[PDB]
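Inspection log for the structure reproduced underneath, given as structure tokens.
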Amino acid sequence: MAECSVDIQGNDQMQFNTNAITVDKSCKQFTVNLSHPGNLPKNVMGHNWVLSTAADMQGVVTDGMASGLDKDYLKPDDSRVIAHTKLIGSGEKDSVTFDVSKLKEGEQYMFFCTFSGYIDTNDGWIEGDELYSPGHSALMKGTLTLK
Amino acid sequence: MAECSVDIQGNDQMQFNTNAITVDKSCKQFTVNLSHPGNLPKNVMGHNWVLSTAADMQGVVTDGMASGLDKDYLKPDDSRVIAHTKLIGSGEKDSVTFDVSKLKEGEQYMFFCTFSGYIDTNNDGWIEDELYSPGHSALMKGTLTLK
Amino acid sequence: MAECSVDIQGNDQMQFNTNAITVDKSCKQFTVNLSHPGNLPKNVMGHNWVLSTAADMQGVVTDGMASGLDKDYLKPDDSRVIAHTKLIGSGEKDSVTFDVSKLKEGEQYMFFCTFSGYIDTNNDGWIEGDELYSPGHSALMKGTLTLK
Ligand SMILES: [Cu+2]
Ligand SMILES: [Cu+2]
Ligand SMILES: [Cu+2]
Ligand SMILES: [Tb+3]
Ligand SMILES: [Tb+3]
Ligand SMILES: [Tb+3]
Ligand SMILES: [Tb+3]
Ligand SMILES: [Tb+3]
Ligand SMILES: [Tb+3]
Ligand SMILES: [Tb+3]
């Protein structure tokens with residue numbers, strides 16, 4: 001029988017443990033089970049799993065960045081977000097289930113984390129070029145296809 | 001004057017700062033004041049203080065393990081648990097007070113922490129033998145007697 | 001046009017990134033935007049930004065210490081506190097805005113953090129003896145505020 005779920009880990013090195021999901025067409029719903037190995041708390045190294053079209057990703061990550069920590073780095077009521085987990089810190093889990101009818105075969109989707117802390121590349125402070133951060137999506141992203 | 005409280009610390013090296021409590025018979029109630037020195041958050045290195053008979057310990061730690069993080073690693077409404085603090089992270093405090101009438105002199109009791117997080121022993125960023133942990137009770141346990 | 005806001009960072013080494021605020025008299029309101037670079041959580045290395053007269057500082061820091069973590073290290077309803085942010089951990093932000101009419105020119109004010117966690121100076125895993133005495137973050141996280 002068809003597999004209609006995937007288990008994903010996001011760690012303290014800003015990595016998911018997969019780069020690609022292929023959802024089976026005969027699944028009515030698909031479920032992502034997100035967990036977070038590591039030691040760092042949610043507010044410093046938090047992860048979510050969020051799904052958009054490839055085209056929409058840049059828009060949802062930017063508006064998520066602007067929305068900030070108290071909105072789970074997600075624009076409230078963002079139509080471009082097909083499905084998302086909540087934001088989790090180390091030691092936590094969360095699952096999201098969504099209808100596969102929300103996907104079209106042939107369309108390109110991306111999954112990613114929208115969390116965006118500033119990184120002190122230097123010092124103790126955040127200054128200069130560190131004020132520009134793409135967030136976790138730079139490294140925590142991958143493809144999702146319906147096949 | 002009789003002392004009817006004890007102050008206990010649980011730290012990031014999975015240690016309590018006592019191995020033995022002796023409660024004074026003339027105390028009507030006894031209070032444990034739990035604190036948590038260290039840097040690690042509740043979900044990664046959380047501690048509680050929970051009291052059962054020696055006989056019941058193995059049962060409460062196992063069912064606590066199964067209950068998981070969202071139930072403070074405790075079976076809800078567990079009859080075997082005489083008293084317990086909530087689960088706390090570094091920088092937090094909690095106190096529990098219980099009636100000393102719930103204790104019999106001659107009976108053997110144990111105090112312990114029921115938290116059971118995953119440890120990334122092979123430093124690879126993920127959790128994959130690492131699924132099997134005895135939890136904090138292996139190292140964070142001690143005797144309680146009424147004398 | 002007057003500047004009527006300041007951005008302040010409090011880090012894991014118990015430092016603010018300014019020691020002195022001068023509020024412009026033509027500002028109707030002044031706003032502090034507090035952020036917290038670092039890795040340590042709120043309960044271990046939390047910061048706030050709180051404003052009193054210089055005279056009142058010692059009183060608000062002491063009563064804040066006593067009030068503890070559950071009251072954001074602040075005495076509830078403390079009349080000596082002119083303005084304050086909430087307590088924040090690493091990765092959090094908070095802003096407070098207050099009326100500059102609450103300030104007098106000539107008066108000396110201090111801003112500071114009232115958080116007081118314990119420091120394990122002897123690296124033994126516990127908090128004992130002289131470590132039970134901490135002055136709190138205000139010892140290092142403090143500065144002047146003047147109306148000019
Ligand atoms: Cu992330
Ligand atoms: Cu523990
Ligand atoms: Cu502080
Ligand atoms: Tb399955
Ligand atoms: Tb820097
Ligand atoms: Tb007493
Ligand atoms: Tb029941
Ligand atoms: Tb591993
Ligand atoms: Tb401005
Ligand atoms: Tb010590």
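Following the order of the structure tokens, first chain is A, next is B, and so on, with residues numbered from 1 inside each chain and ligands from 1 in the order they appear.
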Shell of 9 Å around residue 98 in chain B, only C-alpha atoms, local chain residues under 4 positions omitted, as a ChimeraX atom specification: /B:28-32,82-84,102
Write a file of the selected residues as a PDB file, in the first residue's frame, keeping N, CA and C atoms.
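See selection09.pdb below for the written result:
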```pdb
ATOM      1  N   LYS B  28       3.898  17.890  59.530  1.00  0.00           N
ATOM      2  CA  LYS B  28       2.581  17.572  58.992  1.00  0.00           C
ATOM      3  C   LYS B  28       2.619  17.543  57.471  1.00  0.00           C
ATOM      4  N   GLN B  29       3.318  18.500  56.872  1.00  0.00           N
ATOM      5  CA  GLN B  29       3.549  18.513  55.420  1.00  0.00           C
ATOM      6  C   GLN B  29       5.036  18.657  55.139  1.00  0.00           C
ATOM      7  N   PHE B  30       5.451  18.177  53.979  1.00  0.00           N
ATOM      8  CA  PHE B  30       6.841  18.274  53.538  1.00  0.00           C
ATOM      9  C   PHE B  30       6.848  18.949  52.178  1.00  0.00           C
ATOM     10  N   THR B  31       7.846  19.799  51.940  1.00  0.00           N
ATOM     11  CA  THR B  31       7.938  20.605  50.723  1.00  0.00           C
ATOM     12  C   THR B  31       9.318  20.398  50.065  1.00  0.00           C
ATOM     13  N   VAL B  32       9.321  20.144  48.754  1.00  0.00           N
ATOM     14  CA  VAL B  32      10.555  20.114  47.971  1.00  0.00           C
ATOM     15  C   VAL B  32      10.601  21.363  47.101  1.00  0.00           C
ATOM     16  N   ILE B  82       3.130   9.671  44.605  1.00  0.00           N
ATOM     17  CA  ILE B  82       2.761  10.287  45.886  1.00  0.00           C
ATOM     18  C   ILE B  82       2.786  11.822  45.809  1.00  0.00           C
ATOM     19  N   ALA B  83       3.836  12.358  45.192  1.00  0.00           N
ATOM     20  CA  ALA B  83       3.954  13.795  44.943  1.00  0.00           C
ATOM     21  C   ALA B  83       4.892  14.032  43.773  1.00  0.00           C
ATOM     22  N   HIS B  84       4.717  15.154  43.089  1.00  0.00           N
ATOM     23  CA  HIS B  84       5.627  15.526  42.012  1.00  0.00           C
ATOM     24  C   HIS B  84       5.651  17.027  41.777  1.00  0.00           C
ATOM     25  N   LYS B 102       0.705  10.605  53.958  1.00  0.00           N
ATOM     26  CA  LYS B 102       0.885   9.729  52.796  1.00  0.00           C
ATOM     27  C   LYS B 102       2.125   8.799  52.881  1.00  0.00           C
TER      28      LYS B 102
END
```
For residue 25 in chain A: contacts at 10 Å, only C-alpha atoms, fewer than 5 positions along chain excluded, given as a list in words: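 Once the nearby chain positions are removed, what remains is residues 2, 4, 30, 100, 101, 103, 104, 105, 145, 146 and 147 of chain A.
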Report as a PDB file with C-alpha atoms, in the first residue's frame the set of chain C residues whose atoms approach chain B to within 7 Å, with distances computed over only C-alpha atoms.
```
ATOM      1  CA  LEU C  40      21.025  31.564  25.936  1.00  0.00           C
ATOM      2  CA  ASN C  43      15.197  32.106  32.022  1.00  0.00           C
ATOM      3  CA  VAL C  44      19.029  31.885  32.117  1.00  0.00           C
ATOM      4  CA  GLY C 125      27.541  22.136  38.487  1.00  0.00           C
ATOM      5  CA  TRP C 126      25.730  23.659  41.511  1.00  0.00           C
ATOM      6  CA  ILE C 127      24.985  27.069  43.028  1.00  0.00           C
TER       7      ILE C 127
END
```
Find the residues in chain B near chain A: any atom within 12 Å counts, using only C-alpha atoms. Write them as a list in words. residues 12, 39, 40, 41, 42, 43, 44, 45, 46, 68, 69, 70, 89, 90, 115, 116, 117, 118, 119, 120, 121, 123, 124, 125, 126, 127, 128, 130 and 131 of chain B
All residues within 10 Å of ligand 10 are required, counting only C-alpha atoms and all ligand atoms; please report them as JSON, numbers by chain. {"B": [37], "C": [118, 119, 120, 121, 122, 123, 124, 125, 126, 127, 128, 129, 130, 131, 132]}
Taking only C-alpha atoms into account, report as a ChimeraX atom specification which residues of chain C lie within 7 Å of chain A. /C:11,37,39,41,90-92
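Of note, CA of residue 105 in chain C and CA of residue 57 in chain C are spaced 18.1 Å apart.
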Nearby residues, ligand 1, 6 Å, only C-alpha atoms and all ligand atoms, as a list in words: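 What falls inside 6 Å of ligand 1 is residues 46, 47, 48, 113, 115 and 136 of chain A.
Near ligand 4, at a distance of at most 12 Å and with only C-alpha atoms and all ligand atoms counted, sit the residues residues 1, 2, 3, 4, 5, 6, 7, 24, 27, 29, 30, 31, 32 and 33 of chain A.
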Pull the closest atom pair for each residue of chain C that gets at most 12 Å from ligand 3, along with the distance in Å to one decimal, counting only C-alpha atoms and all ligand atoms, ordering rows by chain and then ascending residue number, as a tab-separated table.
```
residue	atom	partner	partner_atom_place_in_ligand_line	distance
C:9	CA	ligand 3	1 (Cu)	10.3
C:10	CA	ligand 3	1 (Cu)	6.9
C:11	CA	ligand 3	1 (Cu)	8.1
C:12	CA	ligand 3	1 (Cu)	8.6
C:13	CA	ligand 3	1 (Cu)	9.4
C:14	CA	ligand 3	1 (Cu)	6.1
C:15	CA	ligand 3	1 (Cu)	7.9
C:16	CA	ligand 3	1 (Cu)	8.5
C:34	CA	ligand 3	1 (Cu)	11.1
C:35	CA	ligand 3	1 (Cu)	11.2
C:36	CA	ligand 3	1 (Cu)	9.4
C:37	CA	ligand 3	1 (Cu)	11.8
C:40	CA	ligand 3	1 (Cu)	11.3
C:41	CA	ligand 3	1 (Cu)	11.3
C:42	CA	ligand 3	1 (Cu)	9.1
C:43	CA	ligand 3	1 (Cu)	10.3
C:44	CA	ligand 3	1 (Cu)	9.4
C:45	CA	ligand 3	1 (Cu)	6.3
C:46	CA	ligand 3	1 (Cu)	5.1
C:47	CA	ligand 3	1 (Cu)	3.3
C:48	CA	ligand 3	1 (Cu)	5.9
C:49	CA	ligand 3	1 (Cu)	8.1
C:50	CA	ligand 3	1 (Cu)	10.3
C:61	CA	ligand 3	1 (Cu)	11.3
C:64	CA	ligand 3	1 (Cu)	11.9
C:65	CA	ligand 3	1 (Cu)	11.6
C:69	CA	ligand 3	1 (Cu)	11.7
C:72	CA	ligand 3	1 (Cu)	10.6
C:73	CA	ligand 3	1 (Cu)	9.8
C:85	CA	ligand 3	1 (Cu)	11.4
C:86	CA	ligand 3	1 (Cu)	11.0
C:87	CA	ligand 3	1 (Cu)	8.1
C:88	CA	ligand 3	1 (Cu)	8.5
C:89	CA	ligand 3	1 (Cu)	9.0
C:90	CA	ligand 3	1 (Cu)	10.7
C:111	CA	ligand 3	1 (Cu)	11.5
C:112	CA	ligand 3	1 (Cu)	8.0
C:113	CA	ligand 3	1 (Cu)	4.7
C:114	CA	ligand 3	1 (Cu)	6.3
C:115	CA	ligand 3	1 (Cu)	4.9
C:116	CA	ligand 3	1 (Cu)	7.5
C:117	CA	ligand 3	1 (Cu)	9.0
C:135	CA	ligand 3	1 (Cu)	11.4
C:136	CA	ligand 3	1 (Cu)	7.8
C:137	CA	ligand 3	1 (Cu)	4.9
C:138	CA	ligand 3	1 (Cu)	7.2
C:139	CA	ligand 3	1 (Cu)	9.8
C:140	CA	ligand 3	1 (Cu)	8.9
C:141	CA	ligand 3	1 (Cu)	6.6
C:142	CA	ligand 3	1 (Cu)	9.6
```
Serialized selection, C-alpha atoms, as a PDB file, in the first residue's frame:
```
ATOM      1  CA  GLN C   9      20.909  45.016  22.030  1.00  0.00           C
ATOM      2  CA  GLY C  10      21.531  43.003  25.194  1.00  0.00           C
ATOM      3  CA  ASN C  11      23.862  40.009  24.707  1.00  0.00           C
ATOM      4  CA  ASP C  12      25.049  36.806  26.464  1.00  0.00           C
ATOM      5  CA  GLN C  13      28.060  38.625  28.029  1.00  0.00           C
ATOM      6  CA  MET C  14      25.645  40.860  30.093  1.00  0.00           C
ATOM      7  CA  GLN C  15      26.212  44.034  28.051  1.00  0.00           C
ATOM      8  CA  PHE C  16      23.979  46.633  26.463  1.00  0.00           C
ATOM      9  CA  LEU C  34      15.238  45.978  22.591  1.00  0.00           C
ATOM     10  CA  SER C  35      16.740  42.883  20.965  1.00  0.00           C
ATOM     11  CA  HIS C  36      18.850  40.030  22.288  1.00  0.00           C
ATOM     12  CA  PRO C  37      21.726  38.556  20.279  1.00  0.00           C
ATOM     13  CA  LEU C  40      21.025  31.564  25.936  1.00  0.00           C
ATOM     14  CA  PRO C  41      17.293  31.368  26.797  1.00  0.00           C
ATOM     15  CA  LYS C  42      15.203  33.956  28.689  1.00  0.00           C
ATOM     16  CA  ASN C  43      15.197  32.106  32.022  1.00  0.00           C
ATOM     17  CA  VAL C  44      19.029  31.885  32.117  1.00  0.00           C
ATOM     18  CA  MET C  45      20.185  35.123  30.440  1.00  0.00           C
ATOM     19  CA  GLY C  46      17.042  37.238  30.075  1.00  0.00           C
ATOM     20  CA  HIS C  47      17.160  41.016  29.613  1.00  0.00           C
ATOM     21  CA  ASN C  48      14.758  43.902  30.029  1.00  0.00           C
ATOM     22  CA  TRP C  49      15.203  47.663  29.644  1.00  0.00           C
ATOM     23  CA  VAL C  50      13.817  49.606  32.634  1.00  0.00           C
ATOM     24  CA  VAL C  61      16.694  46.480  41.179  1.00  0.00           C
ATOM     25  CA  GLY C  64      12.864  43.251  41.149  1.00  0.00           C
ATOM     26  CA  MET C  65      15.430  40.686  42.356  1.00  0.00           C
ATOM     27  CA  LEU C  69      11.462  35.336  37.288  1.00  0.00           C
ATOM     28  CA  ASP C  72       9.846  39.475  35.045  1.00  0.00           C
ATOM     29  CA  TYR C  73      12.203  40.523  37.869  1.00  0.00           C
ATOM     30  CA  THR C  85      10.184  46.442  28.280  1.00  0.00           C
ATOM     31  CA  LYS C  86       9.179  42.900  29.148  1.00  0.00           C
ATOM     32  CA  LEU C  87      11.917  40.345  29.838  1.00  0.00           C
ATOM     33  CA  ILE C  88      13.331  38.766  26.653  1.00  0.00           C
ATOM     34  CA  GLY C  89      15.616  35.840  25.827  1.00  0.00           C
ATOM     35  CA  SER C  90      17.943  35.369  22.859  1.00  0.00           C
ATOM     36  CA  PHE C 111      18.293  52.660  32.414  1.00  0.00           C
ATOM     37  CA  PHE C 112      19.199  49.072  33.369  1.00  0.00           C
ATOM     38  CA  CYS C 113      18.320  45.371  33.321  1.00  0.00           C
ATOM     39  CA  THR C 114      16.820  43.907  36.541  1.00  0.00           C
ATOM     40  CA  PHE C 115      17.387  40.225  35.747  1.00  0.00           C
ATOM     41  CA  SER C 116      19.260  38.245  38.395  1.00  0.00           C
ATOM     42  CA  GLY C 117      20.263  34.670  37.698  1.00  0.00           C
ATOM     43  CA  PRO C 135      24.063  41.746  42.164  1.00  0.00           C
ATOM     44  CA  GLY C 136      22.195  40.854  38.951  1.00  0.00           C
ATOM     45  CA  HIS C 137      22.543  42.260  35.463  1.00  0.00           C
ATOM     46  CA  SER C 138      22.253  45.947  36.547  1.00  0.00           C
ATOM     47  CA  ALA C 139      25.879  45.869  37.785  1.00  0.00           C
ATOM     48  CA  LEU C 140      27.036  45.650  34.146  1.00  0.00           C
ATOM     49  CA  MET C 141      23.850  46.484  32.184  1.00  0.00           C
ATOM     50  CA  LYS C 142      23.207  50.106  33.098  1.00  0.00           C
TER      51      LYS C 142
END
```
Step by step, measure atom-to-atom distances between ligand 7 and each residue using only C-alpha atoms and all ligand atoms, keep those at most 10 Å, then write them as JSON, numbers by chain. {"B": [76, 77, 78, 79]}
Could you list, as a PyMOL selection string, all protein and nucleic acid residues with an atom at most 12 Å from ligand 9, counting only C-alpha atoms and all ligand atoms? chain C and resi 1-7+24+27+29-33
Serialized selection, N, CA and C atoms, as an mmCIF file, in the first residue's frame:
```cif
data_model
loop_
_atom_site.group_PDB
_atom_site.id
_atom_site.type_symbol
_atom_site.label_atom_id
_atom_site.label_comp_id
_atom_site.auth_asym_id
_atom_site.auth_seq_id
_atom_site.Cartn_x
_atom_site.Cartn_y
_atom_site.Cartn_z
ATOM 1 N N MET C 1 14.452 66.947 11.475
ATOM 2 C CA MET C 1 13.406 66.249 12.301
ATOM 3 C C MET C 1 14.059 65.436 13.413
ATOM 4 N N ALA C 2 13.446 65.449 14.595
ATOM 5 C CA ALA C 2 14.018 64.827 15.777
ATOM 6 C C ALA C 2 14.043 63.301 15.678
ATOM 7 N N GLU C 3 15.078 62.680 16.238
ATOM 8 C CA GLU C 3 15.106 61.224 16.447
ATOM 9 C C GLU C 3 14.455 60.948 17.801
ATOM 10 N N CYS C 4 13.443 60.085 17.810
ATOM 11 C CA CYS C 4 12.645 59.801 19.001
ATOM 12 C C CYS C 4 12.582 58.299 19.289
ATOM 13 N N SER C 5 13.628 57.589 18.876
ATOM 14 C CA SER C 5 13.745 56.156 19.144
ATOM 15 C C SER C 5 15.203 55.753 19.231
ATOM 16 N N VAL C 6 15.439 54.599 19.843
ATOM 17 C CA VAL C 6 16.772 54.005 19.918
ATOM 18 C C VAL C 6 16.633 52.490 19.838
ATOM 19 N N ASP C 7 17.584 51.845 19.158
ATOM 20 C CA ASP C 7 17.661 50.388 19.097
ATOM 21 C C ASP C 7 18.774 49.919 20.004
ATOM 22 N N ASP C 24 15.597 63.886 23.000
ATOM 23 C CA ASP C 24 15.354 65.209 22.420
ATOM 24 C C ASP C 24 14.045 65.770 22.979
ATOM 25 N N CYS C 27 10.715 65.656 21.084
ATOM 26 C CA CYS C 27 9.987 64.380 21.004
ATOM 27 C C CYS C 27 8.801 64.381 21.942
ATOM 28 N N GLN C 29 6.948 61.445 22.329
ATOM 29 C CA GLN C 29 7.169 60.126 22.901
ATOM 30 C C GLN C 29 8.543 59.618 22.491
ATOM 31 N N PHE C 30 9.113 58.729 23.304
ATOM 32 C CA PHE C 30 10.388 58.091 23.010
ATOM 33 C C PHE C 30 10.171 56.585 23.032
ATOM 34 N N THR C 31 10.848 55.872 22.129
ATOM 35 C CA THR C 31 10.676 54.422 21.974
ATOM 36 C C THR C 31 12.031 53.698 22.046
ATOM 37 N N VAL C 32 12.103 52.635 22.850
ATOM 38 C CA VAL C 32 13.279 51.772 22.908
ATOM 39 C C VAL C 32 12.917 50.446 22.246
ATOM 40 N N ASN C 33 13.740 50.024 21.286
ATOM 41 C CA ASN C 33 13.561 48.753 20.591
ATOM 42 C C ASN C 33 14.653 47.811 21.069
#
```
Let me have all residues with an atom within 10 Å of ligand 6, counting only C-alpha atoms and all ligand atoms, laid out as a ChimeraX atom specification. /B:1-6,27,30-31
Run DSSP on the backbone of this structure and report the residues of chain C it assigns to strand (DSSP E), as a VMD selection string. chain C and resid 5 to 9 20 to 23 29 to 35 50 to 53 83 to 84 93 to 99 109 to 112 142 to 147
Only N, CA and C atoms, please: the residues just picked out, written as a short mmCIF file (atom, residue, chain, number, x, y, z; two decimals), in the first residue's frame.
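Printed below is selection.cif as written:
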```
data_model
loop_
_atom_site.label_atom_id
_atom_site.label_comp_id
_atom_site.auth_asym_id
_atom_site.auth_seq_id
_atom_site.Cartn_x
_atom_site.Cartn_y
_atom_site.Cartn_z
N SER C 5 13.63 57.59 18.88
CA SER C 5 13.75 56.16 19.14
C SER C 5 15.20 55.75 19.23
N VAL C 6 15.44 54.60 19.84
CA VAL C 6 16.77 54.01 19.92
C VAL C 6 16.63 52.49 19.84
N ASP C 7 17.58 51.85 19.16
CA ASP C 7 17.66 50.39 19.10
C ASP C 7 18.77 49.92 20.00
N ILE C 8 18.45 48.98 20.89
CA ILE C 8 19.38 48.50 21.90
C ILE C 8 19.43 46.97 21.86
N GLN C 9 20.65 46.44 21.98
CA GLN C 9 20.91 45.02 22.03
C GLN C 9 21.44 44.68 23.41
N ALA C 20 24.50 55.40 27.26
CA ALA C 20 23.96 56.75 27.43
C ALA C 20 22.93 57.09 26.37
N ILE C 21 21.75 57.51 26.82
CA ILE C 21 20.67 57.97 25.97
C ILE C 21 20.47 59.45 26.29
N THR C 22 20.34 60.28 25.26
CA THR C 22 19.93 61.68 25.41
C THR C 22 18.63 61.86 24.63
N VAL C 23 17.53 62.11 25.34
CA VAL C 23 16.21 62.24 24.69
C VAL C 23 16.02 63.70 24.26
N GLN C 29 6.95 61.44 22.33
CA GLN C 29 7.17 60.13 22.90
C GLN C 29 8.54 59.62 22.49
N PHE C 30 9.11 58.73 23.30
CA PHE C 30 10.39 58.09 23.01
C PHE C 30 10.17 56.58 23.03
N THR C 31 10.85 55.87 22.13
CA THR C 31 10.68 54.42 21.97
C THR C 31 12.03 53.70 22.05
N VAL C 32 12.10 52.64 22.85
CA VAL C 32 13.28 51.77 22.91
C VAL C 32 12.92 50.45 22.25
N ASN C 33 13.74 50.02 21.29
CA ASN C 33 13.56 48.75 20.59
C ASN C 33 14.65 47.81 21.07
N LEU C 34 14.28 46.89 21.96
CA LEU C 34 15.24 45.98 22.59
C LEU C 34 15.31 44.68 21.80
N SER C 35 16.52 44.19 21.58
CA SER C 35 16.74 42.88 20.96
C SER C 35 17.84 42.18 21.75
N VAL C 50 14.69 48.91 31.67
CA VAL C 50 13.82 49.61 32.63
C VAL C 50 14.43 50.93 33.07
N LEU C 51 13.56 51.92 33.23
CA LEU C 51 13.93 53.30 33.43
C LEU C 51 13.42 53.79 34.80
N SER C 52 14.31 54.36 35.60
CA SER C 52 13.94 55.08 36.82
C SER C 52 14.84 56.30 36.96
N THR C 53 14.57 57.11 37.98
CA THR C 53 15.52 58.14 38.41
C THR C 53 16.77 57.42 38.94
N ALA C 83 9.29 53.56 32.73
CA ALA C 83 8.97 52.73 31.57
C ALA C 83 9.79 51.46 31.61
N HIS C 84 9.28 50.40 31.00
CA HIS C 84 10.02 49.15 30.92
C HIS C 84 9.57 48.29 29.75
N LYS C 93 12.48 40.06 20.62
CA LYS C 93 12.48 41.52 20.56
C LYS C 93 11.33 42.02 21.42
N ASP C 94 11.47 43.23 21.95
CA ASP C 94 10.34 43.96 22.53
C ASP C 94 10.60 45.46 22.48
N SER C 95 9.51 46.23 22.35
CA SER C 95 9.56 47.69 22.34
C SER C 95 8.71 48.29 23.44
N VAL C 96 9.19 49.39 24.01
CA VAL C 96 8.38 50.22 24.90
C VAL C 96 8.43 51.66 24.41
N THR C 97 7.27 52.32 24.45
CA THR C 97 7.15 53.74 24.14
C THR C 97 6.60 54.43 25.37
N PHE C 98 7.18 55.57 25.73
CA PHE C 98 6.70 56.37 26.87
C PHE C 98 6.70 57.85 26.51
N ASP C 99 5.89 58.62 27.23
CA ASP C 99 5.77 60.07 27.00
C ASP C 99 6.98 60.81 27.57
N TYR C 109 18.46 60.32 35.30
CA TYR C 109 17.82 59.00 35.16
C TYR C 109 18.84 57.93 34.81
N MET C 110 18.48 56.69 35.13
CA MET C 110 19.26 55.51 34.76
C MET C 110 18.36 54.48 34.05
N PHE C 111 18.90 53.86 33.00
CA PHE C 111 18.29 52.66 32.41
C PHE C 111 19.14 51.45 32.81
N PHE C 112 18.51 50.28 32.91
CA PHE C 112 19.20 49.07 33.37
C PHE C 112 18.36 47.82 33.16
N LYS C 142 23.75 48.84 32.62
CA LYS C 142 23.21 50.11 33.10
C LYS C 142 23.79 51.27 32.30
N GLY C 143 23.09 52.40 32.35
CA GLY C 143 23.54 53.60 31.67
C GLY C 143 22.67 54.79 32.00
N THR C 144 23.11 55.97 31.55
CA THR C 144 22.42 57.22 31.87
C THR C 144 21.35 57.55 30.82
N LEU C 145 20.32 58.27 31.25
CA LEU C 145 19.32 58.85 30.35
C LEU C 145 19.10 60.30 30.80
N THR C 146 19.23 61.24 29.87
CA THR C 146 19.05 62.67 30.14
C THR C 146 18.12 63.29 29.11
N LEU C 147 17.39 64.32 29.51
CA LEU C 147 16.52 65.11 28.63
C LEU C 147 17.24 66.42 28.34
#
```
Alpha helix (DSSP H) positions in chain B, given as a ChimeraX atom specification: /B:42-45,54-67
Please list as a CSV table (one decimal) with N, CA and C atoms, in the first residue's frame every residue within 6 Å of range 106-113 of chain B, counting only C-alpha atoms and excluding residues in the same chain fewer than 2 positions away.
```csv
chain,number,residue,atom,x,y,z
B,47,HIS,N,14.0,18.8,34.2
B,47,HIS,CA,13.9,17.9,35.4
B,47,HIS,C,12.6,18.1,36.1
B,48,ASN,N,12.2,17.0,36.7
B,48,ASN,CA,11.1,17.1,37.7
B,48,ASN,C,11.6,16.3,39.0
B,49,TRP,N,10.9,16.4,40.1
B,49,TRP,CA,11.1,15.6,41.3
B,49,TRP,C,9.8,14.9,41.5
B,50,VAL,N,9.9,13.5,41.5
B,50,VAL,CA,8.7,12.7,41.6
B,50,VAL,C,9.0,11.6,42.6
B,51,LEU,N,8.0,11.3,43.4
B,51,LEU,CA,8.1,10.4,44.6
B,51,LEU,C,7.1,9.2,44.4
B,52,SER,N,7.7,8.0,44.6
B,52,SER,CA,6.9,6.8,44.7
B,52,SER,C,7.5,5.8,45.7
B,53,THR,N,6.9,4.7,46.0
B,53,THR,CA,7.5,3.6,46.7
B,53,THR,C,8.6,3.1,45.8
B,54,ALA,N,9.6,2.4,46.4
B,54,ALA,CA,10.7,1.8,45.7
B,54,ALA,C,10.1,0.8,44.7
B,104,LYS,N,4.5,6.0,55.3
B,104,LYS,CA,4.6,5.1,56.4
B,104,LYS,C,6.0,4.9,56.8
B,115,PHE,N,12.3,12.5,33.2
B,115,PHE,CA,12.5,13.0,31.9
B,115,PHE,C,13.4,12.0,31.0
B,136,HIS,N,16.5,10.1,32.6
B,136,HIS,CA,17.2,10.7,33.7
B,136,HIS,C,17.2,9.9,35.0
B,137,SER,N,16.2,9.1,35.2
B,137,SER,CA,16.1,8.3,36.5
B,137,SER,C,17.3,7.4,36.8
B,140,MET,N,19.5,10.2,38.1
B,140,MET,CA,18.8,11.2,39.0
B,140,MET,C,17.7,10.4,39.8
B,141,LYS,N,18.2,9.8,40.9
B,141,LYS,CA,17.4,9.1,41.8
B,141,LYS,C,18.0,9.0,43.2
B,142,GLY,N,17.2,8.8,44.2
B,142,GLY,CA,17.7,8.7,45.6
B,142,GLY,C,16.6,8.2,46.5
B,143,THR,N,16.9,7.9,47.7
B,143,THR,CA,16.0,7.4,48.7
B,143,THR,C,15.3,8.5,49.5
B,144,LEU,N,14.1,8.1,50.0
B,144,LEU,CA,13.3,9.0,50.9
B,144,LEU,C,12.7,8.1,52.0
```
Could you state the separation of CA of residue 25 in chain B and CA of residue 58 in chain B in Å, given to one decimal place?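 Interatomic distance, CA of residue 25 in chain B to CA of residue 58 in chain B: 26.7 Å.
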CA of residue 64 in chain A to CA of residue 77 in chain A: how many Å, to one decimal? 11.1 Å
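The nearest approach to ligand 5 among the residues C:17, C:59, C:74, C:148, with only C-alpha atoms and all ligand atoms taken into account, belongs to C:17.
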Which residue out of B:55, B:132, B:146, B:138 has the minimum interatomic distance to ligand 8 when only C-alpha atoms and all ligand atoms are used? B:132
